[PDB]
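Right, one structure below, let's go through it.
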Amino acid sequence: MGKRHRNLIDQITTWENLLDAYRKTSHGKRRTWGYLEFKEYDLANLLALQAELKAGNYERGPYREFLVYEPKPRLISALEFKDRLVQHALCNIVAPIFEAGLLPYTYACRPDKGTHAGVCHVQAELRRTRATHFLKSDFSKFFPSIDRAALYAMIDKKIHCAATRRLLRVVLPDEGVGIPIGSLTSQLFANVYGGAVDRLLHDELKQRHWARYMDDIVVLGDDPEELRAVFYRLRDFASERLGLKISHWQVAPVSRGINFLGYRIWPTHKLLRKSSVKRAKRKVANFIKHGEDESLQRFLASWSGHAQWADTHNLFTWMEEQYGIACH
Amino acid sequence: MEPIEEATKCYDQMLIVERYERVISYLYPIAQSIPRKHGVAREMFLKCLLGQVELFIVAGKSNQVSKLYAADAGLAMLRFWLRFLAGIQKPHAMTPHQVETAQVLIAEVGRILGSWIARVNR
Amino acid sequence: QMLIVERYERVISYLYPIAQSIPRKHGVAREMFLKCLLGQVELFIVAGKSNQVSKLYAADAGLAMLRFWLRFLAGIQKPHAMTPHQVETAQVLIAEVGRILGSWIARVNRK
Amino acid sequence: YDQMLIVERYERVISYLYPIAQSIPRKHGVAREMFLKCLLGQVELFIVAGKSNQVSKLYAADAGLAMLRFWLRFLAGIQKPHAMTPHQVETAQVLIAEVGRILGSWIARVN
Amino acid sequence: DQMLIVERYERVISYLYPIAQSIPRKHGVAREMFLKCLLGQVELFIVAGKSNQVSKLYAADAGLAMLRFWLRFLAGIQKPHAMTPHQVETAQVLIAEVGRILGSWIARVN
Amino acid sequence: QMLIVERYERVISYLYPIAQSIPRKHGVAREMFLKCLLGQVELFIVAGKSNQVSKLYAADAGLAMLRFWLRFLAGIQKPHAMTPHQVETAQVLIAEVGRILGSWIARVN
RNA sequence: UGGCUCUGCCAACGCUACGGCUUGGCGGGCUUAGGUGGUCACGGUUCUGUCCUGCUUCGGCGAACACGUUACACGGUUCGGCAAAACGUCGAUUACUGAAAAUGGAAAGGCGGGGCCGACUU
RNA sequence: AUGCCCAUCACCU
RNA sequence: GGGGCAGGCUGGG
Numbered sequence: 001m002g003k004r005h006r007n008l009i010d011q012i013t014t015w016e017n018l019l020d021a022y023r024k025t026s027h028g029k030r031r032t033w034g035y036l037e038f039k040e041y042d043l044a045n046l047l048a049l050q051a052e053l054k055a056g057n058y059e060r061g062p063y064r065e066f067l068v069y070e071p072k073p074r075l076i077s078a079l080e081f082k083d084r085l086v087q088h089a090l091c092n093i094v095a096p097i098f099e100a101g102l103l104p105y106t107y108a109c110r111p112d113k114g115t116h117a118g119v120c121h122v123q124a125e126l127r128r129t130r131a132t133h134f135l136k137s138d139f140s141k142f143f144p145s146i147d148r149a150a151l152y153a154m155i156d157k158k159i160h161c162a163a164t165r166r167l168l169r170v171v172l173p174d175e176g177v178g179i180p181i182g183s184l185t186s187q188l189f190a191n192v193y194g195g196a197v198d199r200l201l202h203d204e205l206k207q208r209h210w211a212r213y214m215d216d217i218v219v220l221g222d223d224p225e226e227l228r229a230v231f232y233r234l235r236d237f238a239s240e241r242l243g244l245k246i247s248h249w250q251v252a253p254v255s256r257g258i259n260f261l262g263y264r265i266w267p268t269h270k271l272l273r274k275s276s277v278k279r280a281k282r283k284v285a286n287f288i289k290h291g292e293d294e295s296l297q298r299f300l301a302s303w304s305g306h307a308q309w310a311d312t313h314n315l316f317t318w319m320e321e322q323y324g325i326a327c328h
Numbered sequence: 001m002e003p004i005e006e007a008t009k010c011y012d013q014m015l016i017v018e019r020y021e022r023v024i025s026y027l028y029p030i031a032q033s034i035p036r037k038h039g040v041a042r043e044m045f046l047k048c049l050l051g052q053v054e055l056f057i058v059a060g061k062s063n064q065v066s067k068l069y070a071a072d073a074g075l076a077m078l079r080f081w082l083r084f085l086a087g088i089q090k091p092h093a094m095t096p097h098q099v100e101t102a103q104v105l106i107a108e109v110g111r112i113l114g115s116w117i118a119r120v121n122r
Numbered sequence: 013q014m015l016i017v018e019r020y021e022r023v024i025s026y027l028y029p030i031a032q033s034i035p036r037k038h039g040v041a042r043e044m045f046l047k048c049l050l051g052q053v054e055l056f057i058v059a060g061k062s063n064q065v066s067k068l069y070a071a072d073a074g075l076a077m078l079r080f081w082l083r084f085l086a087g088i089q090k091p092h093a094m095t096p097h098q099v100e101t102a103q104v105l106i107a108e109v110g111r112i113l114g115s116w117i118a119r120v121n122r123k
Numbered sequence: 011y012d013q014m015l016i017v018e019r020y021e022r023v024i025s026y027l028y029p030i031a032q033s034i035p036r037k038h039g040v041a042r043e044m045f046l047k048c049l050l051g052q053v054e055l056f057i058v059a060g061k062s063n064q065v066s067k068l069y070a071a072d073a074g075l076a077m078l079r080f081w082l083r084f085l086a087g088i089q090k091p092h093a094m095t096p097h098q099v100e101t102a103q104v105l106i107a108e109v110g111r112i113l114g115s116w117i118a119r120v121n
Numbered sequence: 012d013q014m015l016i017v018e019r020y021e022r023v024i025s026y027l028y029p030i031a032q033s034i035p036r037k038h039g040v041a042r043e044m045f046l047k048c049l050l051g052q053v054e055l056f057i058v059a060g061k062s063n064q065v066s067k068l069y070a071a072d073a074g075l076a077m078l079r080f081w082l083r084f085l086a087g088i089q090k091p092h093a094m095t096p097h098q099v100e101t102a103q104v105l106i107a108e109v110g111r112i113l114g115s116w117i118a119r120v121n
Numbered sequence: 013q014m015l016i017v018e019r020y021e022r023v024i025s026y027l028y029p030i031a032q033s034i035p036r037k038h039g040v041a042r043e044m045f046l047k048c049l050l051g052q053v054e055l056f057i058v059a060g061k062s063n064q065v066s067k068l069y070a071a072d073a074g075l076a077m078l079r080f081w082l083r084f085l086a087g088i089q090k091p092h093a094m095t096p097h098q099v100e101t102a103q104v105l106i107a108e109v110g111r112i113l114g115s116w117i118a119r120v121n
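Protein chains in written order, with the UniProt record's numbering: chain A, 1 to 328; chain B, 1 to 122; chain C, 13 to 123; chain D, 11 to 121; chain E, 12 to 121; chain F, 13 to 121.
Written out as structure tokens, the structure reads:
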């Protein structure tokens, strides 16, 4: 929008925005100690947040230290409602001006550039271009490797408002190499950060058939040594510029399948990854032999949404044949 | 900034009230829909509906299980008011779906009240 | 004993129509009759959330107050009187709830 | 102090909210009447709390303030007419928060 | 016993309720409060009789005393006269009758 | 009791006319004021019957909320209903019945 | 919101301090976001079957039934044409203005497709 | 704890 | 030998 963006802290703290941030922060969380302690004097709290942000006295409270293991441990320390609300009030004005720069193919944390728009983008861009090959990569410990420093050169070629910038830097200190995973600010700022790779794919390297979902980056080709090139160029970039180590990569033929986004995406079929299946299979089987065949209908309905995209007709028939339950 | 602390910040009262506010937000339009006639019992229903918030709130703040049971007596009376507004209100007041819907919301508040009564009872 | 409420809810179902009927004229009596009638559910409810006989007696007092309201609304005069039939054919309903409450009082009294 | 201060600061809530609560339409006049009884009747909660310095009485003054905050939420949420523009909830919540601060300090002073 | 007081208090109500429905709309709060004290003291008697704590038989006395207050208050409440002094005298007689029964009942419990 | 009520009768006899001047607009606070004015008689009476100070402090809270009602009707009610003078004289009457309530509190404890 | 501490009228349950009140009609006035749940971004060990031991660009990816790993054909994951504009992005928190870009501020251009325009389907 | 689509319950446009 | 699948058994939940 003429570039710049030299007064976002005025829009971040507009009451009309903090109320959106409030409704977004409470969305779903309207049953949490954070919402319910905030909801009490909600608009007097947003008036001391507005005026903490409009001042600049906003300081992000303790990341409530807790984690989920799932042998992929992320320290997903929570944030106060107040802090998730400030983040939502940032990422209501700050997010559209970063997520607009995001090349269309960054199918991560963007409005309606979802997981499923991603698997569909990949499949689609796999059909068209008739990708004979594909590079899939992935960033080691992405969020705990975002330079949080060369991030704030991207968050700073696009904020220009030196109080949004200082609110961004409270919500996320410019001092680190580690974006806190599980922060609206950080999905964005990691999308933004890994958006630097999407500009080294699409801009430099001129890869026009790719998809990035946060840290995973599919790059369909046609010469798989041009994608090992692309990949080498992508890794060298994201290591030297972004401090992102690439955990896994492959330049698999489109034939191995693009394990994108908890899927597996041939030009042909988009089978969710077999771990989703196994979880679900086991979840169903457990539910059956737990007498919990009524919350299983809730899980089923939900999983059918995660799988309505995927080519899970055969799988849905199979699960209906094994247990009877109405999948779709 | 720090969210304004109400004192005696009881999660259960805050939760129950937020969930009961959904009962109110469902039932109040359909209490306020109760015709002119049936106004005494709308006002009585409304004093049971909007006045159950006070029962929860006093239960949370005057953290005394007596006021928690009194809140269950009022959620039960709110359930009656659903029964009454459906059947005994001669027009309609509450459609069976509306009773069906409200009873779901009151049941959610009933669950939270039950859990809250239980967590205090231990 | 929650057959009490579900047998009192036919007192309400009988008496509420004729409590709504009480004109603005007899409006305080109506509000108070309706608060006795519709608010006896709360008396029963409180009795059944405690099985304390005090709340059970308060439910009986409310039924007795509801009986009063019937006898009061009878001799309220003019075209607003609870017809003698309705007093009798509600006293029957209240008596059925009275029988329950009684049995409930007794169940609690002889534990 | 304490009760006198809380009430003078709560008088500002009443002075702000009574016009709003006096403005709540007759349709929302159970809301209004119960909001007014919550607003003007929170003074009695503070008064009783001052009379006792039983922290349970200043907690039931907090319950009343919480109920008053509920009423703000509710009166904003009522969409038949409306009662309390979102701004009025914001302003009232600031005043109630100031009463909340003094109640909290008073609760602490007793603790 | 509750039945006796209430039947004698029904005479208070039967006298005062017409009088309390005459109390002008101007004195409408006082009237509706008087009516809720009149019709309402029945509940106080009834609660006193269907239970027993003697506190409930005092709360019935307090209600009768409040009803007596309402009579004296409504008598000479303002220019919109609510209750004529005669009506207070007549009602006080009936309230005194139920006062006597309460008193005897309080005593028989004590 | 008897004397507290007769001195509160004087509060009522002063305040009830004021509560009745209160515009229709503020007829819900008048209703609410008059249920604390006329309803404080019940608070005094019930303390007289059930002589508990628990009942006696509720009458002092009633008296104190009646004093709040004076403050409220004088100012917070936007057509400041009660004139400042009337609050002064009523607080005289209220504090007479409060001096009686206080003495009665003291006599009981 | 059967309301008005609100009137006018009229009437009569009534009550009357004899003024009225009440009360009844009857008029007038006042009165898309959300919620819940999930969904994707739990294992550890031996055992009993059962199969693989494929593939690899050496990063890893897999196959032992989702079994045609796929509703084998498509989502709008469609098909061409464009890419002027707008959007994006680099140019740039640049030129410029002004002491200072200071919460001013471009653009030419370069790169996109995210955009556009049709077709066919939705 | 954040995102992502679903599923349901709601509720008016 | 290793490994994947479904069941053993034990925690998480």
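Just so it is clear, CB atoms sit at the ideal spot from N, CA and C, and this is done for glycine as well.
- At least one C-beta of chain B is nearer than 8 Å to the C-beta of residue 44 of chain A.
- In the DSSP assignment, residue 135 of chain A forms a beta bridge with A:219.
- Only 66, 69, 70, 72, 73, 76, 77 from the segment 64-79 of chain C bring a Cβ to less than 7 Å from some Cβ of chain E.
- Apart from sequence neighbours up to five positions away, the residues of its chain that approach residue 208 of chain A with a beta-carbon distance below 7 Å are 202, ordered along the chain.
- Residue A:150 holds the alpha-carbon nearest to the alpha-carbon of residue 197 of chain A among A:150, A:284, A:43.
- For residue 211 of chain A, the enclosing beta strand (DSSP E) begins and ends at 211-213.
- Runs of the alpha helix (DSSP H) spanning 4 or more residues and lying entirely within the segment 22-108 of chain D occur at 39-49, 52-62, 65-87, in chain order.
- Short of 7 Å from the beta carbon of residue 159 of chain A, and not among the five residues preceding or following it, lie these beta carbons of its own chain, in chain order: 5, 8, 94, 165, 168.
- Under DSSP, residue 106 of chain A takes part in a beta bridge, and its partners are A:212.
- For residue 302 of chain A, there is no enclosing beta strand (DSSP E); the enclosing alpha helix (DSSP H) has its first and last residue at 295-308.
- In the three-state scheme derived from DSSP, where H, G and I count as helix and E and B as strand, residue 269 of chain A is classed as coil.
- Assignment of residue 13 of chain D by DSSP, reduced to helix, strand and coil, places it in the helix class.
- In this structure residue 55 of chain C touches residue 70 of chain C by the C-beta definition: roughly 5 Å separates them, less than 8 Å.
- The beta carbon of residue 18 of chain A does not come within 8 Å of any beta carbon belonging to chain D, so the residue lies off that interface.
- A direct Cα-Cα distance of roughly 11 Å separates residue 26 of chain B from residue 50 of chain B.
- Close to chain D, meaning a Cβ-Cβ distance shorter than 9 Å, are the following residues of the segment 12-41 of chain A: 15, 19, 39, 40, 41.
- Setting aside the 5 residues that flank it on each side, residue 65 of chain C is surrounded in the same chain by 117, 120, 121, each with a C-beta closer than 7 Å to its C-beta; the list follows chain order.
- In the three-state reduction of the DSSP assignment, residue 328 of chain A falls in the coil class, being assigned neither a helical nor a strand state.
- Residue 28 of chain F is not a Cβ neighbour of residue 34 of chain E, given a cutoff of 8 Å.
- CA-CA distance, residue 93 of chain D to residue 107 of chain D, rounds to 20 Å.
- Proximity of the segment 257-276 of chain A to the segment 129-143 of chain A meets the contact definition, three or more beta-carbon pairs being nearer than 8 Å.
- Counting along the chain, residue 250 of chain A sits inside no alpha helix (DSSP H); it lies in the beta strand (DSSP E) bounded by residues 246-250.
- Bounds of the alpha helix (DSSP H) holding residue 116 of chain A are 115-127.
- Residue state for residue 179 of chain A is assigned as coil, using DSSP reduced to three classes.
- Its Cα nearest to that of residue 240 of chain A, the residue A:177 stands out among A:313, A:64, A:177, A:323.
- The Cβ-Cβ distance between residue 46 of chain A and residue 90 of chain A does not fall below 8 Å.
- In terms of Cα proximity to residue 79 of chain C, the closest of C:67, C:45, C:59 is C:45.
- Sorting D:105, D:11, D:40 by C-alpha distance to the C-alpha of residue 21 of chain D places D:105 at the top.
- Minimum Cα-Cα distance from residue 68 of chain D among the listed residues B:6, B:102, B:81, B:103 corresponds to B:6.
- Between residue 304 of chain A and residue 328 of chain A, the gap from beta carbon to beta carbon is short of 8 Å.
- Taking the beta carbon of residue 88 of chain E as reference, the chain F residues within 7 Å of it are 28, listed in sequence order.
- The beta-bridge partner set that DSSP reports for residue 253 of chain A consists of A:133.
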